[PDB]
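experimental coordinates follow, after the sequence.
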Amino acid sequence: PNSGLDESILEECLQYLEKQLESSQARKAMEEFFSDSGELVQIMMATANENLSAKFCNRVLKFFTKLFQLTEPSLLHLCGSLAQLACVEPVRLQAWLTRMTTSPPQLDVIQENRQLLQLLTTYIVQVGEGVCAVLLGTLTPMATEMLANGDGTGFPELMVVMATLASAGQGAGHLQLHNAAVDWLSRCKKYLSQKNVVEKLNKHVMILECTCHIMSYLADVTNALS
């Protein structure tokens, strides 16, 4: 934001480039340029800057949603171009994930951005399974840390992305994430077995809901196994 740039300028350029994505003749050269030197992952990386409002991230996520909706030869190449997400450094990916996963104190904009990110994760899952595996591995420790130290804000909506990511391919992701639940639910038990929590019942509710979600994921894995 210190480069003399107003958010409206970026909003305008994303609208223009989405509009030219709509047309076939323009999206042709769009794909040629992004396969030659461009990178759509840079636009997603730009949203990791905490100095910018959530509206820019909202527009960026809507841009991914729109291009993937238009996808469903240039579109297939664009879908395959996103496979470079694994090549990103762990720090940048972790920062980008924490930017959206963190519960805001723009709460509606944050919820819309989370829904758009879920839709984008669903659409991504020609990308391949390596990106999904890397994302699951990068998100599991963070979710565990958030459920342990924090009050579990956003945990009920966090499992939706993780289960869909584990659903990629033949289901290898459930081989790991479910194991995490094997601890996570127990941790929620450590949150609900206290006398104070029991007396209050007669963040504890959030812990119980997270435990219920983890158990539902485990049951979903078991049903597939049986």
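That came in fine, so what should we check first? Residues are numbered from 1 along each chain as shown.

for the most centrally placed residue in the chain, what are its contacts?
The residue lying closest to the centre of the chain (Cα atoms, centre = their mean) is residue 117, at 4.9 Å. Residues near residue 117 by Cβ atoms under 8 Å, 6 or more residues apart in numbering: 61, 100, 161. Quick note: C-beta positions are derived from backbone N, CA and C, even for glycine.

can you do 7 Å?
Residue 117 makes contacts with 61, 100, as judged by Cβ atoms under 7 Å, 6 or more residues apart in numbering.

state the distance from it to residue 7.
Computed with Cβ to Cβ, to the nearest Å, the distance linking residue 117 and residue 7 is 20 Å.

what of residue 192?
44 Å.

residue ranges of the helices in the protein, please?
7-22, 24-36, 40-46, 54-71, 74-81, 90-101, 107-124, 129-149, 155-166, 174-192, 195-201, 204-225 (DSSP state H).

residues in contact with the longest one?
Applying Cβ under 7 Å, 6+ apart, the external contacts of helix 204-225 come out as 147, 151-152, 155-156, 159, 163, 171, 174, 178, 181, 184-185, 188-189, 191-192, 197.

for ChimeraX, what selects the buried ones among these?
Buried members of the contacts of helix 204-225, defined by 16 or more other Cβ atoms under 10 Å, are picked up in ChimeraX with:
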select :147,152,155,159,163,174,178,181,184,185,188,191,197
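
most tightly packed of the helices of the chain?
Most buried of the helices of the chain by mean neighbour count (mean count of other Cβ atoms under 10 Å) is helix 155-166; its value is a mean of 19.

centre of the chain to that helix, how far?
9 Å (Cα atoms, centre = their mean, to the nearest Å).

and stretch 11-20, by the same measure?
23 Å.

show me what that stretch is in contact with.
26, 27, 30, 59, 60, 63, 66.

CA atoms only for it - export them in PDB, please.
Taking Å, rounded to 0.1, in the frame of the first residue of the first chain, the C-alpha atoms of stretch 11-20 are listed here in PDB:
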ATOM      1  CA  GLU A  11      -9.900  -3.800  -8.200                       C
ATOM      2  CA  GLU A  12     -10.300  -2.300 -11.700                       C
ATOM      3  CA  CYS A  13      -7.500  -4.300 -13.200                       C
ATOM      4  CA  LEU A  14      -8.800  -7.600 -11.800                       C
ATOM      5  CA  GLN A  15     -12.300  -6.700 -13.200                       C
ATOM      6  CA  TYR A  16     -10.800  -5.900 -16.600                       C
ATOM      7  CA  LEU A  17      -8.800  -9.100 -16.700                       C
ATOM      8  CA  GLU A  18     -11.800 -11.200 -15.600                       C
ATOM      9  CA  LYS A  19     -13.900  -9.600 -18.400                       C
ATOM     10  CA  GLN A  20     -11.200 -10.500 -20.900                       C
END
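
residue 74 and residue 31: what is the separation?
From residue 74 to residue 31 the distance is 4 Å (Cβ to Cβ).

send the alpha carbons of stretch 45-59 over as CSV?
This file holds the C-alpha atoms of stretch 45-59, laid out as CSV (Å, rounded to 0.1, in the frame of the first residue of the first chain):
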residue,chain,number,x,y,z
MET,A,45,0.3,-14.8,-3.0
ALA,A,46,-0.5,-11.0,-3.1
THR,A,47,-3.4,-11.5,-0.7
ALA,A,48,-1.1,-12.8,2.0
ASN,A,49,-0.1,-9.1,2.6
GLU,A,50,-1.8,-8.2,5.9
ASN,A,51,-1.5,-4.5,5.0
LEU,A,52,-4.4,-4.8,2.5
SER,A,53,-8.1,-5.1,3.3
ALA,A,54,-10.1,-8.3,3.0
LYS,A,55,-12.0,-6.9,0.0
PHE,A,56,-9.0,-7.4,-2.3
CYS,A,57,-8.7,-11.0,-1.2
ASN,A,58,-12.5,-11.4,-1.7
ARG,A,59,-12.2,-10.2,-5.3
